[PDB]
Every structure is written in C-alpha cells, then in structure tokens.
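Structural overview for review
The lines below spell out each chain.
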Amino acid sequence: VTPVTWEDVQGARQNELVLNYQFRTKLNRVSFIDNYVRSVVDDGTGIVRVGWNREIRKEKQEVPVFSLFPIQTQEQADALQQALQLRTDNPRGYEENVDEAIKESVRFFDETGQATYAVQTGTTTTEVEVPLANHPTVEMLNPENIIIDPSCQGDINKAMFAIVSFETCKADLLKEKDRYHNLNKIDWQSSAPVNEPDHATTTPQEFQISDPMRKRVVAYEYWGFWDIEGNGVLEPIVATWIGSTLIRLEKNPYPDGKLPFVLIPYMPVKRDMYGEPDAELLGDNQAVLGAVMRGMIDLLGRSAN
Amino acid sequence: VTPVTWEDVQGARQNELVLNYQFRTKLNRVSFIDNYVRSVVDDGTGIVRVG
Amino acid sequence: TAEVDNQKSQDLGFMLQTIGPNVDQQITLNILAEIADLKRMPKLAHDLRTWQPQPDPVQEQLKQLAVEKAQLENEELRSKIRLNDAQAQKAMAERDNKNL
Amino acid sequence: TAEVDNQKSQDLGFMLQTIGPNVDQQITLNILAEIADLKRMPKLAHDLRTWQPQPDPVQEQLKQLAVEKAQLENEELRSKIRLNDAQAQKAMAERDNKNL
Amino acid sequence: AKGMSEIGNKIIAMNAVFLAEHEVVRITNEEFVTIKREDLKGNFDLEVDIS
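Residues numbered from 1 in each chain as written, not as in the entry; some residues may be left out. Chains lettered and ligands numbered in written order. Part of a larger assembly, values for the part shown. Heavy atoms only, no water. Residues with missing side-chain atoms left out of burial classes, pairs and counts.

As annotated in the PDB entry, chain C is Probable portal protein from Escherichia phage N4. The title field of the PDB entry reads "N4 Empty Particle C6 Tail".

The name given to chain B in the PDB entry is Probable portal protein, with the source organism recorded as Escherichia phage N4.

Here it is as structure tokens:
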C-alpha cells in the first residue's frame, strides 16, 4: 500500500500491515493463488467472491467496578502519566502490565482530564459479546453456480443483478442471530444437493449427515440493484431464499455499494465478460497430433516381432 | 501532464492527480486498454465515446 | 511510461550536478522535490518544498559581535594615533627647555 | 514483488546520497527508517524514527562561555581605548609646564 | 523536411497579421515583440526547420 498524497503516509502503513496479516493467517495464501490462476487459465475466466465472516458469541462475565477518589498526594499522581506515556509509546505493553485500576484512572482522565484514584470495592455479572472469527473471506465460485446479467454490455459494474448458488448448514446460518428470519419453516430433507441438479459440486450424491444441525443444503443469493421505493431510484439489496422460501431481504451492508464479485478474463473478448482459454485455439492441433501418435503405435504394435 | 509555460506548473500537478485518480478508481484501466487495442486491430479502426 | 519517467529523473540529476548548489537553496530544493515525485515519495517531496532553515540565536549574536569587533579596532587605531602625535608634540615642547 | 521492493531501496539510497546529510537530521532519519522497513527490520526502523540526540550539559556551558568570551574582548578594547586617550590627554597637560 | 519549412514560413507571416497582441501574450506568457509589416516579404530574422 502506497500513499497518494503526503498526509496519507500513516494510513498506508496501518492498512498494509492489517491487509497482509489477514491473508497470512486467516487464509491459505498458497492454495488460493493456485486456484486463482488455474481457474482463469482452464475456464478462460475467473470469478472471485468476497464476503465477510463474523461469529461473535454472547458471554457472561463478572466485571469489576472501581470507586473514584481524588489525588491524595503527588506520589501516586505520577503513575497516571506513566501509563499515558507507556500507552503512547507502546500500546501493547500498556495493556499487559498496567493495573486495571490504573487503566480506569487514565480512562477517566481521557473523558474529563481529572486525575482520580481507583479503588476496587465491588463487582457485577454483566452481559458482553466476545468477538470471534471477525475476518474477511475470499472464495472462487464455479462458473456454473453463478449467473450474471447478459445486458451488462460486457461490464460487471453495469450489471443489475447476479445470482450465486452455494452450500450451507443450519449451524452456519445460526452464526448470525438476526440476519435470517422464518428459518423454522423450511425442511432439511428437501432442497438437498441430491435434489438440486442445477448446482454443481464435488460432494458425493449419496453423501449425507444424520445431524440436522450439520445438514447440507443449497442456498441462493440475489445481489443487485432494485427500486425499493416508488420514487424511482435503484438501491443495492441482497436477498436469500432456500427451498422457495424467502429468509433474508436487506440492503447491501458493504460500504462499496456494488456487487462483491470480481471478473478476471484470460484472453479478453471485445466488449464481453467471459474470456477465451488456450483450449479454444488448440482444438484441431491436439486431434491431429493424436491421430499421428496412434498410427505410429499401431504400425509397431501390430507388426510381427 | 506537463506545463506549457512557467506559470502553469500548479495547474499541471493538480489535473494530473485528478485525471489519474478517475481512471484508477472509476474505470477498469486494464479492461479498457484490452478493448481499446483489440477494437482497432480487428476492425481496422476504433471509436471511443466520451460522456 | 517508465522509460521517459526514469530518463527525466536523470536529467534533473544532471541539472542539479551541473548547476552549483550554492547559487540558491530554493532552486536546489525544487529540483529535489521533482525527483521525489518521480520516485513516488509524496511525503518526502512535501517536506523538501516546505523545508526551512533552523534559526540559530547564538550564531547571530556571534555574527553581530564580529561586526562591532572590527568597529572597535578602527577606533583603537584612531585612539592610538591621537596618542602618537601627543607624544611627539610633548617632545617638541620639551625642546624649548634645551635649545633656549 | 522482490524486484520492485529491492529497486525502491536503491532509490532511497540514491536520494540519501544525492541530498546532503547536513540539511536536516529528520529527513535523513526518515529515509533510513523506510530502508529498514524494506529490509524487514521493524526494531531498527522504530529506533531511527524515535531517535533523539543526547544532550551534553558541559558542551552547552563551553558554548555559552565562548559567547560571553567575545563580549569581554570587545569591552577590553573599549577599556583600552579609554586608556589611550587618557595617556594622550595627560601628555597634553604636561606640555603647559614646558612651553609656558 | 523542406516541405514543412515552406509551410512554417507561410504560417509565421500569417501569425504576424491575423493574430492580435493579447492572443500571443496568452499563448506565450512573455513580452510581445512586433515585426514591421513591409518586412514580412523576407525572412531576415527567422529560420524554420523540423525538430
């Protein structure tokens, strides 16, 4: 990441480390690259799906509360600025070793600037939500499982809708506690990959899981722009339905405001989306070469020796 | 963008950053170039619409 | 293109090398600022154009003291000159008691 | 890629070599800090940006003493000048007892 | 090469007649210099060649 103007240097450094960290740990960099090139080369074009993952969980903890008292003497008053100096010079070091009471003291200093002592006197059982699995995700979609608007005039940006079919489980849907509605109305026997020939997958047709929570089902997502209001302006929305039952309908949550799919052609076609792979030009050459090789073997093989 | 006279240095710097930014973000630079050359080579001439 | 962009930087270096750096700080800074832009270093380029010399207060006092130092030396000679003819004139006065 | 990353470091070295190190410590330190990052040395880079000169107390006293040293020399000349005309004026006074 | 020089000489003569002072000042941000009208027959002070 490189800054555009002189005041953007700090932003470039911060984002570059975060972006590299996510691909280094949250994703298999080598496997993703191998699938990235091979998908483009073999199929003639590559389609990449971008989506965020979030699995925050509810948790109950016994939070302490500290009583606040003013500065009784300057002897302990220096500890307030010592934490501030440590926090500015080394935020990680400040978190690990500085006492929670001192953390509360500097916390009140940030709010009001008043130097106050902190004394632990009581505690209570609060309700918090510990973050978990808050990282982006990237996937390569099979071209048969995704449909793009033909009237896009060879540009993904001008496409008005896109439908992608993917597999999921009930536990996977339960990761979001409010994103989906009417989940209980659907049945887990129908809409299975066995009963959805339109969706291509590597899962065996005979494979199934007895646990309803881990049941495999096929889901459809609708990404595009719709005139959600009678005024006459299109808005980006996302819709999801399983088994002819609508379960999700909301606007686009991403700040980008457009489709999260990226198209990469191998050999671009004039005013078209899908490119041409190398197999298009070598159709006749391979067949002719195969005929010659078989003829040579037949001459030697059938001959007496 | 390069200035023509000595007093045009400020104008050249401002327009160059804006012009490059628009092609970098608002347009697919790689796709446009690929269609640009191929249209000229195959059809014998290229026509570009500006709006 | 990278070919002309790289060659332009060499011309700026050639101009900087050819022109004596002592003729003007502003001219030298502007040339360096353009090179930084060609090297895609916006932060460095901004500093060069906005760079200012650090004022040294004690240096000015020493610089000013040297100016008045020479003034006193000139007055020292004039004071000594007024002493030289004073000795000569007094010597002339003492002659009269001898050649009376 | 390693090719552009390595070439970027050479450009930083070229800028550091081209620009006189005496123009600014801060500019020199920032360039070195970027080179350390390109060399994957986060600890070294942090030190360079946070580096500060070590204050020398005795050097300041010697530096300050030199400032007042020149002031006394100027006063020395003025004191000597007031002695020069004093000798000349006294010599003028002694004439009257000779050329009376 | 000479063909372009012939064109250049004709345009220079036209530029000294059909162009006002302020137009040249805007194009070239320098002090305007005039040429006598009867002297346009001979290109005494100018030489034209390709670059």
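There is more to say, and it comes next.
1. Observations concerning the overall build of chain C
The secondary structure content of chain C amounts to 4 helices and 0 strands. The secondary structure elements of chain C, listed N-terminal to C-terminal, are α-α-α-α. Here the C-alpha radius of gyration of chain C, 31 Å, is well above what a compact globule of 100 residues would show, namely 13 Å. With the principal axes as the frame, chain C shows a C-alpha extent of 105 × 30 × 10 Å. (Helix = DSSP H or I, 4+ residues; strand = E, 2+ residues; numbered from the N terminus. Rg over C-alpha atoms; globule rule 2.2 N^0.38 Å.)

2. Some words on the packing of aromatic side chains
All names here are of chain A. For the coordinates displayed, the defined rule picks out 5 aromatic pairs over all chains. Relative to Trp241, the ring of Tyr220 has its centre 5.9 Å away and its plane inclined at 10°; by these criteria the two rings are stacked. Within this pair, whereas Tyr220 is found in strand β7 (residues 217-226), its partner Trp241 is found in strand β8 (residues 235-241), the two being separated by 21 residues in sequence. Among the residues examined, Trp241 registers a relative accessible area of 29% and is labelled partly exposed. When the ring centre of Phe166 is taken as reference, the NZ or CZ atom of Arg49 above it lies at 4.5 Å. We note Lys103 situated over the ring of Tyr94; from NZ or CZ to the ring centre the distance is 4.8 Å. (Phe/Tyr/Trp six-rings, centres within 6.5 Å; stacked < 30°, edge-to-face > 60°. Buried < 20%, exposed > 50% of the residue type's maximum accessible area, 1.4 Å probe, protein only. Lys NZ or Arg CZ within 6 Å of the ring centre and 35° of its normal.)

3. Topic: the environment of E:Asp39
Residues and elements named next belong to chain E. In this fold, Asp39 is placed in the segment after α2 (21-27). Since its relative accessible area comes to 29%, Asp39 is described here as partly exposed. The sequence separation of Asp39 and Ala13 amounts to 26 residues, and the corresponding C-alpha distance is 9.8 Å.

4. Here's the deal with the pattern of salt bridges
Inspection of every chain in the model, using the stated rule, returns 28 salt bridges over all chains. For B:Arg38, the salt bridge goes to B:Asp34, with nearest N and O atoms at 3.7 Å. With B:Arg38 and B:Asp34 both in helix α2 (residues 29-43) and 4 residues apart, the pair spans about one turn of that helix. Residue classification places B:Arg38 among the partly exposed residues on the basis of a relative accessible area of 30%. Close ionic contact of D:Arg78 with D:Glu75 constitutes a salt bridge, the shortest N to O distance being 2.5 Å. With D:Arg78 and D:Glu75 both in helix α4 (residues 57-95) and 3 residues apart, this pair spans about one turn of that helix. With relative accessibility at 30%, the residue D:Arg78 sits in the partly exposed group. Three or more residues joined by partner-sharing salt bridges are found here, namely A:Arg49, A:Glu176, A:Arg179, A:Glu221, A:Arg248 and A:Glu250. (Salt bridge = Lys/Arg side-chain N within 4 Å of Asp/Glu carboxyl O.)

5. A short note on the relation of the copies chain C and chain D
Aligned on chain D, chain C shows an RMSD of 0.0 Å; the corresponding rotation is 30° and the shift along the axis is 0.0 Å. When the interface residues of chain C are mapped onto chain D, a mere 10% of them are again interface residues, pointing to distinct binding faces. (Least-squares fit on C-alpha atoms. Contact = heavy atoms within 4.5 Å.)

6. What to know about the interface of chain C and chain D
Opposite the 30 residues of chain C that make contact, chain D presents 30 residues. Summing the contributions of chain C and of chain D, the shared interface buries around 2700 Å²; its carbon and sulfur component is 73%. Of the charged contacts in the structure, one is a salt bridge between D:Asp11 and C:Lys39, with a shortest N-O distance of 3.7 Å. At the surface where chain C touches chain D, the tally comes to 4 residue pairs in polar contact. Going through the elements one at a time, α2 (25-38), α3 (42-50) and α4 (57-95) of chain C are the ones with two or more residues in the side of chain C that touches chain D. When residues of the side of chain C that touches chain D are assigned to their parent elements, the largest contribution, 19 residues, is made by α4(C). Taken together, the residues that form the side of chain C that touches chain D break down as 14 nonpolar, 5 polar and 11 charged. (Buried area = accessible area lost by both parts, 1.4 Å probe. Polar contact = N/O pair within 3.5 Å; in protein donor to acceptor, adjacent residues only side chain to side chain. Nonpolar A, V, L, I, M, F, W, Y, C, P; charged D, E, K, R; others polar.)

7. Digging into the nonpolar core
Counting residues in each nonpolar core, the largest one holds 19 residues, and the members touching the most others are C:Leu44 and C:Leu48. Put simply, the parts of the chain that give this core at least two residues each are α1 (2-18), α2 and α3 of chain C together with α1 (2-18) and α2 (25-38) of chain D. The biggest single contributor to this core is α2(C), with 6 residues. When residues no more than four places from it in sequence are discounted, the contact partners of C:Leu44 are C:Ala36, D:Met15, D:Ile27 and D:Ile31. A:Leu141, A:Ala159, A:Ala162 and A:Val238 belong to the second-largest nonpolar core, a separate cluster that totals 15 residues. (Core = buried A, V, L, I, M, F, W, Y, C linked by side-chain atoms within 4.5 Å.)

8. Some remarks on unusual backbone geometry
Residues and elements named next belong to chain A. You will see that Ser191, though not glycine, has its phi angle at about 60°, which is positive. Along the polypeptide, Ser191 turns up in the loop between α6 (170-173) and β7. A relative accessible area of 5% places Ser191 in the buried class.

9. Considerations on a nonpolar patch on the surface
A grouping of B:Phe32, B:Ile33, B:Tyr36, B:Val37, B:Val41, B:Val48 and B:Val50 is seen on the molecular surface, where their side chains present a nonpolar patch of about 700 Å² in accessible area. Residue B:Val48 is classed as partly exposed on the basis of its relative accessible area, which comes to 48%. (Patch = residues over 30% accessible without salt bridge, like charges linked within 9 Å, V, L, I, M, F, W, Y side chains within 5 Å. Areas by Shrake-Rupley, 256 points an atom, 1.4 Å probe, with all protein chains shown as cover.)

10. Some thoughts on the arrangement of the chains
The pair of protein chains exhibiting the most contacts, out of 6 pairs of chains in contact, is chains C and D. In this structure chain B stays clear of chain D, and the shortest span between their C-alpha atoms is 20 Å. Contact between chain D and chain E is absent, and the least distance between their C-alpha atoms amounts to 33 Å.

11. Topic: α2(B)
Residues and elements named next belong to chain B. Taking 1.5 Å per residue, 15 residues should reach 21 Å; α2 reaches 21 Å between its end C-alpha atoms and fits that length. N-capping of α2 is provided by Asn28, with a side-chain oxygen placed 3.3 Å from the backbone N of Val30. With its phi angle positive at about 90°, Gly44 sits one or two positions after the end of α2. (Expected span 1.5 Å × (residues − 1).)

12. Side note on the sheet that holds strand β1 (residues 45-53) of chain A
Residue and element names in this part refer to chain A. Strand order in this open sheet of 3 strands is β4-β1-β10, and the pairing throughout is antiparallel. Two strands lie at the open edges of the sheet, namely β4 (135-140) and β10 (261-265), each paired on one side alone. Taking each pair of neighbouring strands and ignoring which way they run, the sheet shows an average axis angle of 25°. By the bridge criterion, 6 bridges tie β1 to β4 in an arrangement that is antiparallel. Paired with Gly51 across the two strands is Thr137, which belongs to β4. (Pairing = 2+ DSSP bridges. Axes fitted to C-alpha atoms, helices over the stretch in contact; angles between N-to-C directions.)

13. Some remarks on the environment of A:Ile148
Along the chain, the position of A:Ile148 falls in strand β5 (residues 146-148). As a C-alpha pair, A:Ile148 and A:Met160 span 12 residues in sequence and 8.6 Å in three-dimensional space.

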